[PDB]
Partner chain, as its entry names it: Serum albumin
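As structure tokens, one chain now follows by itself in the form solved without the partner chain.
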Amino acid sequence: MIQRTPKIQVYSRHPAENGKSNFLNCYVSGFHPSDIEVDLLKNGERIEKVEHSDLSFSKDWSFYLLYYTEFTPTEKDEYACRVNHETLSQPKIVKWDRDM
């Protein structure tokens, strides 16, 4: 058996401009086993409004997932990716960093 902790990257499809329609992405990669919970949060609240995702498997025993939703960024809204996985002692919350 193998367990691997997920890598989590949160990023917008295009550079973020307030009031411009866009896509927010969570790429959750390199995790094992596949059991996982992933959500995008808008100021702490689960974004339900359509969710697309994409799962894949690499033969070194690792799963890869792209999770994304349409969003119009504003100055005041905070976004984060919330991930739970058995390798984590607590749910992991990774904030979207608009600038870096």
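Positions refer to the first chain, counted from 1.
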{"property": "Per the entry, higher mean C-alpha B factor between 54 to 62 and 23 to 31", "result": "54 to 62"}
{"property": "Of 14 to 22 and 88 to 96, the one with larger mean CA B-factor", "result": "14 to 22"}
{"property": "B-factor third for the C-alpha atom of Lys49 within its chain", "result": "highest"}
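Keep in mind that the form deposited with the partner chain bound is missing from the display, and what follows is about it.
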item: Residues of 13 to 48 having any heavy atom within 4.5 Å of the partner chain in the deposited bound form, listed in sequence order; value: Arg13, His14, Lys20, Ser21, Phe23
